[PDB]
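Note sheet for the following structure.
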RNA sequence: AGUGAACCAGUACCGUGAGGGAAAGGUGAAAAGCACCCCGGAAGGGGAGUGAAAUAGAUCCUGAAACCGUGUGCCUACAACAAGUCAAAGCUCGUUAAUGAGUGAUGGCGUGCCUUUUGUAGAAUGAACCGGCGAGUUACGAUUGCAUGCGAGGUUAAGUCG
RNA sequence: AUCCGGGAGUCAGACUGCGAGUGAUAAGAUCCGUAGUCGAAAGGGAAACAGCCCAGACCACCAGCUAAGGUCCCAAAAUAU
RNA sequence: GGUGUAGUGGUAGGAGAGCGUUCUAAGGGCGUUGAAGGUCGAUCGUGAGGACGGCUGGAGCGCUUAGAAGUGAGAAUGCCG
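Protein chains in written order, with the authors' numbering: chain M, 1 to 49; chain R, 2 to 119; chain E, 2 to 207; chain S, 1 to 102.
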């Protein structure tokens, strides 16, 4: 293996998902959270159980 | 490692403004005005590709009616006559004949008149 | 696997049979990728910081009132959207290093040296001796064996005159036989190892 | 001298010496083509035949395979935060006419 | 951006006071930083000179947009226009050469963008315009999918040499 | 279709047939059941018109046949029998 | 690779695959016979986008493969000019 031709194994690395970056990606404008409510707030949600 | 937002936005915006050449006033000079106007033009052009094909059919039909009433027929009787004889000319070629080759149009109108004479 | 032997100038002074568990074992290519990536992320010094809202030297007072002024409600002169304010989610001091399990370290070492051997890219030599540290004689030696690429020079021990002579040549790297890494062997085109150092490497990779 | 032919899914008016654009044909440039279906042979006297004129063909030579100019089809729904954009260029072939049926 | 502060900054400025607190980097390799003349009270300008370059002349590297002007090819004083889009005569040009470019009388069709809503052209909400900045990150745990090494086994932590 | 597992969003609906209650067998009223469209659906008809009638847009054409609704002129097709 | 058949409106939301910015490594390159940046053009691709040519400009910058992120702006009665 030469340092100018590296290749990881297939299926081993994936990219990432970035929310709030435009409409056509699928997750712009509220970033998967739906409309209003306690679960749409930063730090929103109820404790486990 | 910090990423300045240097020259990407100006390229995109200048691509949008170039599509707005010829518009009125602040609609070819300001980016927001041009953005909205260009979106509306896209909508209009898609709509009008489909409406074009209707306009020319009405134009041909009215010219054919005009020509046929000179040969003793109307549009609907002449179309029926041509179908009962197995003739398959477009309304486009029919109108083109009606304006250029009146003798060809009369040959055809006589065939139609004989077909529905039965 | 047998490699040919040379002297500081000469010819084919026979051959040298090396281990088959170390120098002839069919390399594994993803293990080498993992080793290279781990080692490169292991050299970072992650010394980077920025100031959030509460570290910027600034104000605790509400700048105007909450209503009436025909304004927009503001909370401090140092908010993320104000010019000169604090940064939301910047770089923090971090580590960047991790460890792979012990059998795959050893598998990557074996695999990279065995790849070097499987293409006649390792060159064995009886000895490298020098009465003074002279760069010019090392370059002559290097051309004596017709070596025209990037080369890793693996030496034994307190062979200090040779390491001095081989420094400073811009195609040459020098390492001792107790200190070879995976990144040293992959980057060079060839390895020039002495007979003594070869047995010493076979003693530690076992 | 006139002839009307069915090509593509449409009809065209034809003449010796003139060049015509048409849907893509499956014939390489420089080779010859025969348009079998003739609808009307005008000119001096017209031959107005039930669907086709018996035994008349039209001969030509392909000159060039090309592409039309580009169309953009863009679609959005006001206030519903969504749009989709697509381009399209259309193939054609150019044909020269020689020897309307004789 | 990075310290509030790359520059005479805890300064100017604000407050009785405790205290709050900025803006502002770049001629050229070398000042060779325009002797002399002309218009003008001066400012400023035009020659002539320096210099590889002055449209590098001190408001001095590059020099975008809003915004303000000057010149021209085409249109416009019987016309109700979300300003375009499709059809189209006349005039004027001649390109990354191909089913060419600018303008356009006249005809059909057509109630901005965003947010929140059962529902919006909305007489519901936001934006004067242009430029810059401005929002799911990391540490440590828990779980699932993928991938690699070993396999009835797997794996080391702190620490020592480096 | 069922079974195991990863990730959600929704818990303000509206009108139009039909069948009931409250109301005065009033309401573009209110509350249930059942079917559709709108929501999240462009295109033709109904002058203009979320929800009615027809019909579900991958794209190109200056080709053809029909749906609901229409054929004196605006405005395409019969001044039809 | 051929050929048939079937499909391809879409808000909340799930799944896939890519475009562009800055920096690191390795390799192969360009540059006062003029880099980046700026301006104009009638050019190419299914989209984000990619080239080539003129003018301006005066010292640095692409491409391939892998890695890491302060990685994309039209709206907050946003902040500064």
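Even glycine gets a Cβ: it sits at the ideal position worked out from N, Cα and C.
Checking contacts by CB at 8 Å: is residue i closer than that to chain M?
i, result
"residue 81(S)", "yes"
"residue 37(E)", "yes"
"residue 154(E)", "no"
"residue 183(E)", "no"
"residue 4(E)", "no"
"residue 192(E)", "no"
"residue 88(E)", "no"
"residue 30(E)", "yes"
Could you check whether the Cβ of residue i sits closer than 8 Å to any Cβ belonging to chain E?
i, result
"residue 9(M)", "yes"
"residue 48(M)", "no"
Counting contacts by CB-CB distance shorter than 8 Å, is residue i in contact with chain R?
i, result
"residue 51(S)", "yes"
"residue 18(S)", "no"
"residue 70(S)", "no"
"residue 7(S)", "no"
Under a CB-based cut-off of 8 Å, is residue i close to chain S?
i, result
"residue 37(R)", "no"
"residue 29(M)", "yes"
"residue 32(R)", "no"
"residue 91(R)", "yes"
"residue 109(R)", "yes"
"residue 88(R)", "yes"
"residue 113(R)", "no"
"residue 57(R)", "no"
For residue i, which residues does DSSP report across the bridge?
i, result
"residue 92(S)", "66(S)"
"residue 15(M)", "DSSP, once it has assigned bridges, lists no residue as partnering residue 15(M)."
"residue 4(M)", "Beta-bridge pairing links residue 4(M) to no other residue."
"residue 192(E)", "123(E) and 153(E)"
"residue 7(E)", "126(E)"
"residue 40(S)", "4(S) and 48(S)"
"residue 85(S)", "74(S)"
"residue 97(S)", "60(S)"
"residue 11(S)", "6(S)"
"residue 17(E)", "4(E)"
"residue 88(R)", "According to DSSP, residue 88(R) bridges with nothing at all."
"residue 103(S)", "The question about residue 103(S) has no answer, for chain S in this structure spans 1 to 102."
Sorted by chain position, which residues of the same chain lie with C-beta nearer than 6 Å to residue i's C-beta, five sequence neighbours on each side aside?
i, result
"residue 52(E)", "87"
"residue 174(E)", "153"
"residue 81(E)", "89"
By Cβ distance, which residues of its chain are closer than 7 Å to residue i, with the 5 residues on each side in sequence left out?
i, result
"residue 117(E)", "123, 186 and 192"
"residue 163(E)", "129, 131 and 156"
"residue 21(E)", "2"
Taking residue i as the reference, give the member of the options with the closest Cα.
i, options, result
"residue 68(R)", "35(R), 105(R), 36(R) and 57(R)", "105(R)"
"residue 181(E)", "205(E), 190(E) and 197(E)", "205(E)"
"residue 112(R)", "96(R), 82(R) and 90(R)", "82(R)"
"residue 159(E)", "120(E), 178(E) and 32(E)", "178(E)"
"residue 33(E)", "143(E), 46(E) and 184(E)", "184(E)"
"residue 74(R)", "13(R), 9(R) and 114(R)", "114(R)"
"residue 4(M)", "189(E), 99(E) and 199(E)", "189(E)"
"residue 9(S)", "101(R), 53(R), 11(R) and 89(R)", "89(R)"
"residue 54(S)", "40(S), 67(S) and 80(S)", "40(S)"
Measuring from the CB of residue i, is there a heavy atom of the ligand COA at a distance below 7 Å?
i, result
"residue 19(S)", "You won't find the ligand COA in this model; it holds no ligand whatsoever."
Apart from the five residues on each side of it in sequence, which residues of its chain come closer than 8 Å, Cβ to Cβ, to residue i?
i, result
"residue 23(M)", "29"
"residue 73(S)", "85, 86, 87 and 88"
"residue 70(S)", "87, 88 and 89"
Is it true that the CB of residue j sits closer than 8 Å to the CB of residue i?
i, j, result
"residue 35(R)", "residue 60(R)", "no"
"residue 61(S)", "residue 37(S)", "no"
"residue 39(R)", "residue 63(R)", "no"
"residue 33(S)", "residue 25(S)", "yes"
"residue 29(S)", "residue 64(S)", "yes"
"residue 13(S)", "residue 21(S)", "no"
"residue 63(E)", "residue 76(E)", "yes"
"residue 111(E)", "residue 23(E)", "yes"
"residue 116(R)", "residue 72(R)", "no"
"residue 125(E)", "residue 17(E)", "yes"
"residue 10(E)", "residue 145(E)", "yes"
"residue 32(M)", "residue 19(M)", "yes"
"residue 92(E)", "residue 42(E)", "no"
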